[PDB]
Structure formats: structure tokens, C-alpha cells
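*Asks:* After the C-alpha cells below, expect a handful of questions from me.
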Amino acid sequence: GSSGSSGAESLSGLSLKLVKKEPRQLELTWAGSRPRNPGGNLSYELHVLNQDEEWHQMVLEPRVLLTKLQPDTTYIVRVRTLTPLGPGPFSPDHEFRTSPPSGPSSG
């Protein structure tokens, strides 16, 4: 990663990733921490946004399972690690697309 111009926000290793692509489901996972961590089970704030539907849900795990979603729809997700003194920033809008509805398949 080259700092160079803007963009380098020294993210705390929170780059949402598409775990599974489903028409009515979407899983994501963000990992990138170091071992030998002290007590105080940290947390993570999840915030999902849609075309005309915005919802958030704080999760205590680096994983998240979203259900009851619409097929062929772009769902934005952003997770940020919570802290007692200065909480991490909100990850960059991750453009994600759900699995397509019943359709044909090239031979």
C-alpha cells in the first residue's frame, strides 16, 4: 500500500469481504489483527445501507450474516472497531452485489 495522495487511512484491517453471494443472503468477514491481545473482548459496529433502506447492527464478532435480502441488489456494508478512547473510522463503502434470481446458464 502506497500512502501517496489521499486514500491511505491506515485502516485497522477492516476491509469487508464477500464471504458468500446469495439472492436472499450475504455473508462478510473482516480480519487483520495481531495475537497476544489483552483482555476486554473488543467489539465491532456494523452498518448496512441500501437504495432506499438503511439499517445498522452492532456485532461482537468479525463476521456477520445478513438475511431477508433482495435478489440482484447492491448492498453497502461498513464495519468499524469500537474503542474506549477514539473509535476507529467507518470503513469505505463496500460495493457488494447479491446473487442473481432464477436465471439461465451458459453451456
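If you're wondering about the labels, chains in the C-alpha cells are A, B, ... by order shown, residues count from 1 in each chain, ligands from 1 in order shown.
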Show which residues sit within 12 Å of residue 32 of chain A, as a list in words. Count only C-alpha atoms, and ignore same-chain residues fewer than 2 positions away.
*Replies:*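 Those residues are residues 11, 12, 13, 14, 15, 16, 17, 29, 30, 34, 35, 62 and 81 of chain A.
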*Asks:* Okay, now the selection with N, CA, C and O atoms, as a tab-separated table (two decimals), in the first residue's frame?
*Replies:*
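After the write, result07.tsv holds the following:
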```tsv
chain	number	residue	atom	x	y	z
A	11	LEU	N	-6.14	2.12	7.74
A	11	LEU	CA	-7.24	1.29	8.23
A	11	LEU	C	-6.73	0.25	9.23
A	11	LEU	O	-5.62	-0.26	9.09
A	12	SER	N	-7.55	-0.05	10.23
A	12	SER	CA	-7.19	-1.03	11.25
A	12	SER	C	-7.51	-2.44	10.78
A	12	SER	O	-7.99	-3.27	11.56
A	13	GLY	N	-7.24	-2.72	9.51
A	13	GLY	CA	-7.50	-4.04	8.96
A	13	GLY	C	-8.98	-4.38	8.97
A	13	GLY	O	-9.39	-5.41	9.50
A	14	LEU	N	-9.79	-3.51	8.37
A	14	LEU	CA	-11.23	-3.72	8.31
A	14	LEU	C	-11.74	-3.58	6.88
A	14	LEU	O	-12.51	-2.67	6.57
A	15	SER	N	-11.31	-4.49	6.01
A	15	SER	CA	-11.72	-4.47	4.61
A	15	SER	C	-12.77	-5.54	4.34
A	15	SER	O	-12.44	-6.66	3.94
A	16	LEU	N	-14.03	-5.19	4.56
A	16	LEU	CA	-15.13	-6.13	4.34
A	16	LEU	C	-14.87	-6.99	3.11
A	16	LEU	O	-14.39	-6.51	2.09
A	17	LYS	N	-15.20	-8.27	3.22
A	17	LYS	CA	-15.01	-9.21	2.11
A	17	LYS	C	-16.27	-10.03	1.88
A	17	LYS	O	-16.97	-10.41	2.82
A	29	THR	N	-16.76	-11.06	6.16
A	29	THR	CA	-15.80	-11.26	7.24
A	29	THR	C	-14.61	-10.31	7.10
A	29	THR	O	-14.07	-10.13	6.01
A	30	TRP	N	-14.21	-9.70	8.22
A	30	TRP	CA	-13.09	-8.77	8.22
A	30	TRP	C	-12.08	-9.14	9.30
A	30	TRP	O	-12.38	-9.05	10.50
A	34	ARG	N	-3.52	-8.60	15.38
A	34	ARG	CA	-2.36	-9.33	15.87
A	34	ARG	C	-2.71	-10.08	17.16
A	34	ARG	O	-3.50	-9.62	17.98
A	35	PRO	N	-2.10	-11.27	17.33
A	35	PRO	CA	-2.33	-12.10	18.52
A	35	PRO	C	-1.72	-11.49	19.78
A	35	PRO	O	-1.20	-10.38	19.75
A	62	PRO	N	-16.07	-10.53	14.13
A	62	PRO	CA	-15.57	-10.07	12.83
A	62	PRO	C	-16.39	-10.61	11.67
A	62	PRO	O	-16.09	-10.35	10.51
A	81	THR	N	-14.12	-0.94	14.16
A	81	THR	CA	-13.80	-1.42	15.50
A	81	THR	C	-14.10	-0.35	16.55
A	81	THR	O	-13.72	0.81	16.40
```
*Asks:* If you measure from atom CA of residue 47 of chain A to atom CA of residue 8 of chain A, what distance in Å do you get, rounded to one decimal?
*Replies:*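 Computing the Euclidean distance for atom CA of residue 47 of chain A and atom CA of residue 8 of chain A yields 21.4 Å.
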*Asks:* Given the choices A:20, A:68, A:80, A:56, which gets closest to residue 42 of chain A if the distance is worked out from only C-alpha atoms?
*Replies:*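 Using only C-alpha atoms, residue 42 of chain A sits closest to A:80.
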*Asks:* Report, in Å to a single decimal, how far apart atom CA of residue 19 of chain A and atom CA of residue 39 of chain A are.
*Replies:*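 Separation between atom CA of residue 39 of chain A and atom CA of residue 19 of chain A: 28.2 Å.
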*Asks:* Please provide as a ChimeraX atom specification all residues within 7 Å of residue 94 of chain A, with the sequence filter that same-chain residues fewer than 6 positions apart are discarded (counting only C-alpha atoms).
*Replies:* /A:16,76-78
*Asks:* Using N, CA, C and O atoms, can you export the residues from the last selection as a PDB file, in the first residue's frame?
*Replies:*
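Written output follows (part07.pdb):
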```pdb
ATOM      1  N   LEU A  16     -14.030  -5.194   4.563  1.00  0.00           N
ATOM      2  CA  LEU A  16     -15.131  -6.126   4.341  1.00  0.00           C
ATOM      3  C   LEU A  16     -14.873  -6.991   3.111  1.00  0.00           C
ATOM      4  O   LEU A  16     -14.386  -6.507   2.089  1.00  0.00           O
ATOM      5  N   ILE A  76     -24.596  -1.962   0.490  1.00  0.00           N
ATOM      6  CA  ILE A  76     -23.371  -1.379   1.024  1.00  0.00           C
ATOM      7  C   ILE A  76     -23.167  -1.771   2.483  1.00  0.00           C
ATOM      8  O   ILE A  76     -24.094  -1.705   3.290  1.00  0.00           O
ATOM      9  N   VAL A  77     -21.946  -2.179   2.815  1.00  0.00           N
ATOM     10  CA  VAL A  77     -21.618  -2.579   4.178  1.00  0.00           C
ATOM     11  C   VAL A  77     -20.353  -1.882   4.667  1.00  0.00           C
ATOM     12  O   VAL A  77     -19.422  -1.653   3.895  1.00  0.00           O
ATOM     13  N   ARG A  78     -20.327  -1.548   5.953  1.00  0.00           N
ATOM     14  CA  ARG A  78     -19.177  -0.876   6.545  1.00  0.00           C
ATOM     15  C   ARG A  78     -19.065  -1.197   8.032  1.00  0.00           C
ATOM     16  O   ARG A  78     -19.985  -0.931   8.806  1.00  0.00           O
TER      17      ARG A  78
END
```
*Asks:* Excluding residue 64 of chain A and any residue of its chain fewer than 6 positions from it, enumerate the residues within 10 Å of it, using only C-alpha atoms, and give them as a ChimeraX atom specification.
*Replies:* /A:19,26-30,46,57-58,79
*Asks:* Export, as a compact mmCIF listing (two decimals), in the first residue's frame, the selected residues with C-alpha atoms.
*Replies:*
```
# COMPACT_ATOMS: atom_id res chain seq x y z
CA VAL A 19 -17.96 -14.47 2.02
CA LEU A 26 -24.99 -12.07 2.19
CA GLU A 27 -22.10 -13.00 4.49
CA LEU A 28 -18.96 -10.96 5.14
CA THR A 29 -15.80 -11.26 7.24
CA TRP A 30 -13.09 -8.77 8.22
CA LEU A 46 -21.84 -2.91 11.51
CA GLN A 57 -26.38 -3.65 13.77
CA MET A 58 -23.50 -3.78 16.24
CA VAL A 79 -17.70 -2.13 9.82
```
*Asks:* Pick out the closest residue to residue 61 of chain A from this set: A:5, A:10, A:74, A:43. Count only C-alpha atoms.
*Replies:*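 Of A:5, A:10, A:74, A:43, the one nearest residue 61 of chain A, counting only C-alpha atoms, is A:43.
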*Asks:* To test your reading of the structure, identify every residue in chain A that backbone DSSP assigns to strand (DSSP E), and report it as a VMD selection string.
*Replies:* chain A and resid 18 to 22 25 to 29 43 to 49 54 to 59 63 to 67 74 to 82 94 to 97
